[PDB]
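Below, chains carry the letters A, B, ... as their sequence lines are ordered, and counting in each starts from 1. Values reported hereafter were calculated over all heavy atoms of this structure, with side chains retained and with hydrogens, waters and symmetry mates removed.
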Amino acid sequence: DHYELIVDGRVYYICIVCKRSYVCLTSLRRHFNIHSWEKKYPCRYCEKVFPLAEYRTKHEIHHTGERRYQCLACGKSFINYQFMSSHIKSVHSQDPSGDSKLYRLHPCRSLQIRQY
DNA sequence: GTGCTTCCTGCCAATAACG
DNA sequence: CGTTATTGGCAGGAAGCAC
Ligand SMILES: [Zn+2]
Ligand SMILES: [Zn+2]
Ligand SMILES: [Zn+2]
């Protein structure tokens, strides 16, 4: 539940509770579950419950210890983008953020997500 | 001010629902 | 079963937090 804000040509969708704005309605619905708790996303490994599916997935990867992000310069693997990127910038003085091609994201094998 | 941890949201492929 | 709707993984910047 939202209202629309049209500014010179562009449409925005504004959340009725907290006023955040979204370029698409799908994002607003996804976000709104933080207010409504209509859907629940429980960790299958512990007691934590998450308002978004992606948050639970990232959390469950912490539990298994799977390292999907691999630096292609030296072979070292990392649990997420942030560690992969911080390693490449400090050790290799390169930005994985383009254009290059400096890391590999492996498929998730330690549990079953959608692939991709 | 450093660095770890978790969150956020546009984009769109994968999957599900629907009649 | 073909076709319209939903789900959620990804990048990479932002925010939150302990030191
Ligand atoms: Zn909101
Ligand atoms: Zn857990
Ligand atoms: Zn490296």
Scan residues 3-21 of chain A against DNA chain B and write down, sorted by residue number, each residue with any heavy atom closer than 4.0 Å; if none is found, say none.
A:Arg20
Indicate, with a heavy-atom threshold strictly under 4.0 Å, whether A:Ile61 touches base, sugar-phosphate, or nothing.
nothing
Output the single nucleotide from C:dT7, C:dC10, B:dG10 whose closest atom is nearest the side chain of A:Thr26.
C:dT7
Would you check if the side chain of A:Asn80 reaches a backbone N or O of A:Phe83 as a donor-acceptor pair within less than 3.5 Å?
yes
Could you check which of C:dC10, C:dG8, B:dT6 has an atom nearest any side-chain atom of A:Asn80?
B:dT6
Pick the closest DNA chain B nucleotide for A:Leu52 and for A:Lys48 by heavy atoms, then say which residue is nearer the 5' end.
A:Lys48
How close or far is atom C1' of C:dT6 from atom CZ of A:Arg29, stated in whole angstroms?
11 Å
Please check if atom CZ in A:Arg10 has more than 12 non-hydrogen atoms from other residues, nucleotides or ligands closer than 6.0 Å.
no
Between A:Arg67 and A:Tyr69, does any side-chain donor sit less than 3.5 Å from a side-chain acceptor?
no
Length of the line joining A:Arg56:CZ and B:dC8:P, which is rounded to integer Å:
17 Å
Within the distance-only criterion (no hydrogens, no angle test), does the side chain of A:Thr57 pair as donor or acceptor with the backbone N or O of A:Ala53 below 3.5 angstrom?
yes
Between A:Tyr3 and A:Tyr13, does the ring centre distance come in under 6.0 Å?
no
Can you tell me how far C1' of B:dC7 sits from NE2 of A:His31, to the nearest Å?
12 Å
If you check every side-chain atom of A:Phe50, which of C:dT7, B:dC7, B:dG10 has the closest atom?
B:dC7
Separation of atom OH in A:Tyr55 from atom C1' in C:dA15, rounded to whole Å
11 Å
Is A:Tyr12 linked to A:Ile16 within one hydrophobic cluster, defined over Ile, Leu, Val, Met, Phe, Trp and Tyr using a side-chain heavy-atom separation of less than 4.5 Å?
yes
With sequence neighbours excluded, residues passing side chain to side chain contact (heavy atoms under 4.5 Å, CB included) with A:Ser100
A:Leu102
N or O in side chain of A:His62 less than 4.0 angstrom from B:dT6 OP1/OP2:
yes
Using a 4.0 Å heavy-atom cut-off, does A:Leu28 contact any base of the nucleic acid, only the sugar-phosphate backbone, or nothing at all?
nothing
Below 3.5 Å, does any donor atom in the side chain of A:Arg114 face an acceptor in the base of C:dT7, or the other way round?
yes
Using whole Å, what does the distance between atom P of nucleotide B:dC8 and atom CZ of A:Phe32 come to?
15 Å
Please determine, for the side chain of A:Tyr81, which listed nucleotide (B:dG10, C:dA11, C:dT7) has the closest atom?
C:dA11
Are any non-hydrogen side-chain atoms of A:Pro96 and A:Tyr103 less than 4.5 angstrom apart?
yes
How close or far is atom P of C:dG8 from atom CG of A:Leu111, stated in whole angstroms?
14 Å
To the nearest Å, how far apart are A:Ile113 CD1 and B:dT15 P?
10 Å
Under a 4.0 Å heavy-atom cutoff, the residues of residues 83-102 of chain A touching DNA chain B are A:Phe83
Is there a side chain to side chain contact (heavy atoms under 4.5 Å, CB included) between A:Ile61 and A:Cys108? Walk through the geometry before answering.
CA-CA 9 Å; A:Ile61 294 283; A:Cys108 183; 3.6 Å; yes
So, does A:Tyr22 get its side chain near the phosphate of B:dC8, meaning an N or O under 4.0 Å from OP1 or OP2?
no
Quick one: does A:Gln82 reach the base of C:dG13 with a side-chain donor-acceptor pair under 3.5 Å?
yes
Report yes if the side chains of A:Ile14 and A:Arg20 come closer than 4.5 Å at any heavy-atom pair, otherwise no.
no
Is any N or O donor-acceptor pair between the side chain of A:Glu54 and the base of C:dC10 shorter than 3.5 Å?
yes
Exactly one candidate in A:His62, A:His63, A:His59 meets ring pair (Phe, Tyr, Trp, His ring centres under 6.0 Å) with A:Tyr45; the answer is A:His63
Minimum-distance nucleotide (side-chain atoms of A:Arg30 versus B:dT9, B:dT15, B:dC7)
B:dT9
Please report the distance, rounded to the nearest Å, between CG in A:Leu25 and P in B:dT9.
14 Å
